[PDB]
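Some notes on the structure that comes next.
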Amino acid sequence: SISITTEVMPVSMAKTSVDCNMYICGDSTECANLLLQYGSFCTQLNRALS
Amino acid sequence: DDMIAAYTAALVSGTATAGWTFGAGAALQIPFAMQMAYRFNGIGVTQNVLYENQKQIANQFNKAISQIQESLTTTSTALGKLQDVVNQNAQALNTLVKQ
Amino acid sequence: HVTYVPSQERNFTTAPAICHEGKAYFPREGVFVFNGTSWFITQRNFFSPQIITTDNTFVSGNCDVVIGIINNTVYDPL
Ligand SMILES: *[C@@H]1O[C@H](CO)[C@@H](O)[C@H](O)[C@H]1NC(C)=O
Ligand SMILES: *[C@@H]1O[C@H](CO)[C@@H](O)[C@H](O)[C@H]1NC(C)=O
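Chains as they are written, first to last, in the authors' numbering: chain A, 701 to 750; chain C, 849 to 947; chain B, 1046 to 1123.
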């Protein structure tokens, strides 16, 4: 006999990006000024996601 | 790096002198044309095709090696996935310093 | 894992092809071996000498292009 079998495999997932300034300090200038000295931490996350 | 170079030199010498038999066990000596004949016989082509066109095959082999050498003397990004490792390690340590 | 390991190597004198009345005989599978008296054909992984006959070999071309061809005889069963 001749049989046909199916096989399903994942290949890729969803590409995503985050914005530190909006997640942490949404439309606040004082919070953005206070966040200004954590910039090295945020560029690492963006590099990982990219 | 000298030890790894010695390992690769030993492997290339064993391939060029013994062939394929030094992995299953003790090395068996064989002339290179007969080994080439076995490699040709393994892909479904009879070995007389090797024995009647040996000059052309040898010239094409030498030309391909020379082309690889000429390709590797010009600046390019052929080894671009070895540079990413050293870049990532240096950048991680510098990120800790800046952090 | 159960595996097969060859051993007890032995040296022989070998040839690429044999010439016989102006025609070249190449083995189908195996190698040409010389034991000091005459030429035989054997498998590469085990030593079992066989007489070089027309069933063992096949014909391709004349004997002026293959490097290292030798003179010998081929037994025809008739
Ligand atoms: C060659 O093979 C023959 C088989 O007929 C054997 O009698 C002889 O001993 C072999 N030669 C040597 C040197 O062993
Ligand atoms: C025997 O071999 C030689 C070369 O090895 C060749 O010149 C000669 O013609 C051969 N003998 C016969 C009868 O063909």
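Here a beta-carbon is modelled for each residue, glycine too, at the ideal position from N, C-alpha and C.
Any non-hydrogen atom of ligand 1 closer than 7 angstroms to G1081 of chain B Cβ: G1081 of chain B: yes, Cβ under 7 angstroms from ligand 1.
Sub-8 angstroms separation of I1115 of chain B and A1069 of chain B beta-carbons: no
Chain B residues whose Cβ lies nearer than 7 angstroms to that of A881 of chain C: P1061
Cβ neighbours of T1048 of chain B in the same chain (closer than 8 angstroms, five flanking residues each side left out): none
Pair within 8 angstroms by beta-carbon distance, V1119 of chain B and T1098 of chain B: The answer is yes: Cβ separation under 8 angstroms.
Within chain C, the residues that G1106 of chain B reaches when beta carbons sit closer than 8 angstroms: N896, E900
Classification of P710 of chain A by the beta-carbon crowding that lies within 10 angstroms, buried from 16 upward: Counting of Cβ neighbours within 10 angstroms places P710 of chain A among the exposed residues, the total staying below 16.
Inter-residue spacing [alpha-carbon to alpha-carbon] between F870 of chain C and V860 of chain C: 12 angstroms
For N1117 of chain B and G1067 of chain B, believed in contact at Cβ under 8 angstroms, the rounded distance: Not really, about 13 angstroms apart at Cβ, beyond 8 angstroms.
Contact between the region 736-746 of chain A and the region 931-947 of chain C (3+ Cβ pairs under 8 angstroms): yes
Reduced DSSP category for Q895 of chain C - H, G, I as helix; E, B as strand; rest coil: coil
C-beta neighbour in chain C for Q737 of chain A, strict 8 angstroms: no
Beta-carbon proximity of residue 1124 of chain B to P1072 of chain B, cut-off 8 angstroms: The question about residue 1124 of chain B has no answer here: the residues shown for chain B are numbered 1046 through 1123.
Helix, strand or coil at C742 of chain A [DSSP, three-state]: helix
Through-space distance from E900 of chain C to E1054 of chain B, alpha-carbon basis: 31 angstroms
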